[PDB]
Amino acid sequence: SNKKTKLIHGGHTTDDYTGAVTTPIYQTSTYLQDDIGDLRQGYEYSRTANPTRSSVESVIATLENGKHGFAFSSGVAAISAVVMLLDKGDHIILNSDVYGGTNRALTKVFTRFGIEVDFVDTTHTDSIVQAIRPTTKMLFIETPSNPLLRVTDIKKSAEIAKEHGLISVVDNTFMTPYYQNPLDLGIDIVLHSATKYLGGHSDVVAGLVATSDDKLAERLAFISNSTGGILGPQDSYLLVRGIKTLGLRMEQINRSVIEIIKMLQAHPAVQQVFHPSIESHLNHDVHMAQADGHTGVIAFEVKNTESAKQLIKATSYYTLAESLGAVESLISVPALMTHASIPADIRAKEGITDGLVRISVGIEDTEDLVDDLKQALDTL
């Protein structure tokens, strides 16, 4: 029924055999056959299918209102699997500020295989319409994007993809299925780095893919079985476990996000703030129309590099580390940690200023997170 209930009872996460209320961890590679070709429960070799992996796949398919789920050894393995739906000579459109790892996979690996890539500003969907070529086969968007939280209209992107015969893909990592369900808006494929919010505990690297399209699912299954970027059973188990608390975690994160943004906007040491909840944010109305909550990633400007470092040093409850979606709040400086290879003037033109700070809000107490960040900013 409601979302928090679906999180607990959706998918198959018990043992039909013993009745165990959690998914058994099938730390196994192969399965007895009673007769040649006779599989007891459809399992024959763990790369092809493993019952613990099957549990997490059924969870993600249920949570995204899809029919088929796929678990990969990482988010970028999920993305590579989806890209391998294309052939040499095919063209893919992606949002301009797509995740660094995605950019690098496409432009340094798959272009060597003749996949062509155009990055376009998808915040105006007619940009997509202009970028479509006769060879375009896929449209791939994140929304909201990193680290400036740009919002793209999912439903219009799906309509455009249908009209021009494109496979539409949404990287739904930042929003999670708790707040945004692209398959319900006509998208063909949805994917996640489950490394972030879904696992939620910074202890699994994993990717998840869901679709309702039987033919795309057959192609993804063939690619998964042939190139073998499968999630293992222990990690699939930890994923199922972490997803149980997704709704509670996201709701705590959203309460803190709202309060922290109020604080950041009022603070004299903070200039611009980037988050889709701000009503002056580009495509705020679009986000509210396609999601019923918010990501916990916020970016905001302080004065300069030394201000950003001082902020990090002065906070008690914000931890300096890579990734997002932990139970801890995480803090980072994109210009030094994710965009340092880009020339400084291009960074500045892009908005990746030296004093741009990104925080991933965790599940600590809201008052503590607000007060800690505020007192740290007061030291500037």
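One rule holds for the numbers: they count along the sequence shown, beginning at 1.
Student: Could you check which stretch, 300 to 308 or 189 to 197, carries the larger mean CA temperature factor in the entry?
Tutor: According to the entry, 300 to 308 carries the higher average C-alpha B-factor.
Student: Taking the mean of the C-alpha B-factors per stretch from the entry, tell me the winner out of 336 to 344 and 49 to 57.
Tutor: Averaged over C-alpha atoms, the B-factors run higher in 336 to 344.
Student: Which one of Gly229, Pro268, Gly207, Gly247 shows the biggest C-alpha B-factor in the PDB entry?
Tutor: Highest CA B-factor of the listed options: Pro268.
Student: Relative to the other modelled residues of the same chain, rank the CA B-factor of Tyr318 and answer lowest, middle or highest third.
Tutor: CA B-factor rank for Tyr318: highest third.
Student: Would you mind checking where the Cα B-factor of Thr211 ranks among the modelled residues of its chain, as the lowest, middle or highest third?
Tutor: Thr211: CA B-factor falls in the middle third of its chain.
Student: Using the B-factors in the PDB entry, rank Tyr179's C-alpha atom against the chain and give the third, lowest, middle or highest.
Tutor: For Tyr179, whose C-alpha B-factor we compare with every modelled residue in the chain, the answer is the middle third.
Student: Taking the values exactly as deposited, rank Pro147 by C-alpha B-factor within its chain and report the matching third: lowest, middle or highest.
Tutor: Middle third.
Student: Compared with the other modelled residues in the chain, in which third is the CA B-factor of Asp16?
Tutor: It belongs to the highest third of the chain when residues are ordered by C-alpha B-factor.
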